[PDB]
There are 2 protein chains.
Amino acid sequence: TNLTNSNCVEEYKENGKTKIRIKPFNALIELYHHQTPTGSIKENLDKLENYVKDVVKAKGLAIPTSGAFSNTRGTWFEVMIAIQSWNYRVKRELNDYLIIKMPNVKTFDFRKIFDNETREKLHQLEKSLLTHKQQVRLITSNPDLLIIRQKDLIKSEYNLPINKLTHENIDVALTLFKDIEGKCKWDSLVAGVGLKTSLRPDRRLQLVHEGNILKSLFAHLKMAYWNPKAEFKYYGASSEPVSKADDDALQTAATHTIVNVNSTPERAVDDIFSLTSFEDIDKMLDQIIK
Amino acid sequence: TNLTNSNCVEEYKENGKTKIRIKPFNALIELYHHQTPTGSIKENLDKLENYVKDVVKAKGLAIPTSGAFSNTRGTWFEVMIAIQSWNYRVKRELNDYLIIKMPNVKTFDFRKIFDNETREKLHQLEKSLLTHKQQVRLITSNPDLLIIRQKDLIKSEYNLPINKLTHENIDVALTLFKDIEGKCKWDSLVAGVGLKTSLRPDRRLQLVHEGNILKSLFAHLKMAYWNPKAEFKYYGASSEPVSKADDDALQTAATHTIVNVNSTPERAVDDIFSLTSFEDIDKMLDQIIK
DNA sequence: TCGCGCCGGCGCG
DNA sequence: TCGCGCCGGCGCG
């Protein structure tokens, strides 16, 4: 029952004071180093949170703020999803798919996945958009999850499953994006997913912005390569129940598709998934892919 | 120095426990009942926050959570802006403008401001968007601030300035939206503003969604009334410094304007204002209006 | 009851 | 240092 030797929380100094820092990956390793998480997702998140709370208590330290936990829970959910997605393509034996948890736009802009030709197409768009009196851009956060269909990206090292959470295992899932840098043909990118532990009426609209901007960059590519068949879909996924009001908001259109009376309107977010269990991650990936 | 008789915090029961509730309007009245706020905005917000914090301390009660303050600060800033905007149109003598702090989409959907003819134009769009296999919508939060140019809406009661914050004064500013219900011609709506005490890379993109959706509803109206001259602009306003990265994000395009090579692209958010002082609110309104 | 729309406090490079 | 992108906890009808 000894919790005082845990490293899921770290001490550091700032302005002559000792401060507390949650180490979200350490919490995952210290709970899941023999087996990867199973059952209800939300409960595992609360379990991890109550674990760090017990640790700080046992060490006699100040409880981390709600913001620290907001941040921390976001990472847990993403890593749970990234690991489950890694194992999905192994057990399904998807020789030509990758599901990749992306870092932030500054560490690695998702545009860097694309081959030289496609990056130049996007550079032409970006540069022309700035060639006006009123300069415009197309900025969004990196998608949390990207689904890429390209057979020659898959190496045999990806075909070893993750049965336990180590520093080494979490590292490989979270640096997967590095292997595909400058290698994806434009239509290899088939889907992205936004991952949220919970939704708010304000925060759910960030999923619409994301889908809208991504589908707008993709529609440019479809015209630059005059391909009417290639599709890019954008999805949402919550760990909580999704309400009617959440559902309506996320039916919102990618606005460039609704200008004309005889256009068929596209949703910016094609579907929203309520991931109750780890089995639901597999279910979600089944729908997105097949 | 007696803080124990203050009503800026309220006690209420929930599951056999006594809970604390900030009363954000009471905090404003108890600080500004002789004169309306002046000087630096951010400092007045911190002043109001430190006032309720001193009150709970003096009463020996639990300090409200950061979420309670997040909520509370949002209301203070909006009311400060609403009151300053009320006084702006008086001192400028804008006989044909109203600046209105809107409630939420459920209390009063901003679409209800419009006259019967324009509401039917939007109902045709909404209903047709649902008349597909994949149903789509155009959902956003209500704009925080709306600027309406229509001379016949202005009554003489609006021309009395607000020199002190009472329950009665805050009520009139915050129910102003009720007077214009079903009265605005479509092109009377000239601007909306999103008001934020601070920005985040995620949260600032909600201003882009808002602008994008609003300009998409307005572009429909421009076509339904075949008017190439009518404009609707969308603006942001922070109480903190705005960074280069905030600036870039909010240069993002209303995506329906960038489809074609010879389109002139429009920003979804036309400008972002950093409101340091109350004088800056006046400055901002000067640019938006004239 | 919950729906709305608010925003602060992160861990990490 | 700050930029990224995370999300919980509201007051109110």
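Just so it is clear, the values below take in all heavy atoms, side chains as well, and ignore hydrogens, waters and symmetry mates. Throughout, a chain's letter reflects where its sequence line sits, starting with A, and its residues are numbered from 1.
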Problem - Given A:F77, A:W76, A:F69, the one that forms side-chain contact (heavy atoms from CB on, under 4.5 Å) with A:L48 - result: A:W76

Under 4.0 Å from OP1 or OP2 of [N]: is there any side-chain N or O of [X] that close?
{"X": "A:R204", "N": "C:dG5", "value": "no"}
{"X": "B:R73", "N": "C:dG8", "value": "yes"}
{"X": "A:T75", "N": "C:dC12", "value": "no"}
{"X": "B:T197", "N": "C:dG8", "value": "yes"}

Of the nucleotides [options], which one has an atom closest to the side chain of [X]?
{"X": "B:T65", "options": "D:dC12, D:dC10, C:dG5", "answer": "D:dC10"}
{"X": "B:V105", "options": "D:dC12, C:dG5, C:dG9", "answer": "C:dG5"}
{"X": "B:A68", "options": "D:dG11, D:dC7, C:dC7", "answer": "D:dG11"}

Exercise for the section: Grab the groove, major or minor, that holds a base atom under 5.0 Å from the side-chain heavy atoms of B:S70. Expected result: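 Minor groove, where atoms such as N3 or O2 lie under 5.0 Å from the side chain.
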
Practice task
Answer with major or minor: which groove's base atoms come under 5.0 angstrom of the side-chain heavy atoms of B:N104?
Solution key: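 Per the N/O atom test, B:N104 is a minor-groove contact.
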
Practice task
Establish, for the pair B:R21 and B:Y12, whether the NZ or CZ atom is under 6.0 angstrom from the six-membered ring centre and no further than 45 degrees off its axis.
Solution key: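 Geometry flag: set, cation within 6.0 Å and 45°.
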
Practice task
Take B:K23 and B:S66, find for each the nucleotide of DNA chain D with the closest heavy atom, and name the residue whose nucleotide sits nearer the 5' end.
Solution key: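 Its nearest nucleotide being more 5', the pick is B:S66.
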
Practice task
For A:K106 and for B:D202, locate the closest nucleotide of DNA chain D by heavy-atom distance; then report the residue assigned to the nucleotide nearer the 5' terminus.
Solution key: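 So the residue in question is A:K106.
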
Does the base of [N] carry an N or O that pairs as donor and acceptor with the side chain of [X] under 3.5 Å?
{"X": "B:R200", "N": "C:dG9", "answer": "yes"}
{"X": "B:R203", "N": "C:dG8", "answer": "yes"}
{"X": "B:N71", "N": "C:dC6", "answer": "no"}

Look at all strands and tell whether [X] reaches a base, only sugar-phosphate, or nothing, counting heavy atoms closer than 4.0 Å.
{"X": "B:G67", "answer": "base"}
{"X": "B:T107", "answer": "nothing"}
{"X": "B:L195", "answer": "sugar-phosphate"}
{"X": "A:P201", "answer": "base"}

Practice task
Grab the two heavy atoms, one from A:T197 and one from A:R73, that are nearest each other, plus how far apart they are.
Solution key: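 Closest approach of A:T197 to A:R73: CG2-O, 3.6 Å.
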
Practice task
Count the heavy atoms belonging to other residues, nucleotides or ligands that lie under 6.0 Å from NZ of A:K112, then report whether that count exceeds 12.
Solution key: yes

Handout entry: Residue of the set A:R200, A:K196, A:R204 for which salt bridge (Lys or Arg N to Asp or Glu O under 4.0 Å) holds with A:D246
Key =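 In the set A:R200, A:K196, A:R204, the residue that makes a salt bridge (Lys or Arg N to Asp or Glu O under 4.0 Å) with A:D246 is A:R204.
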
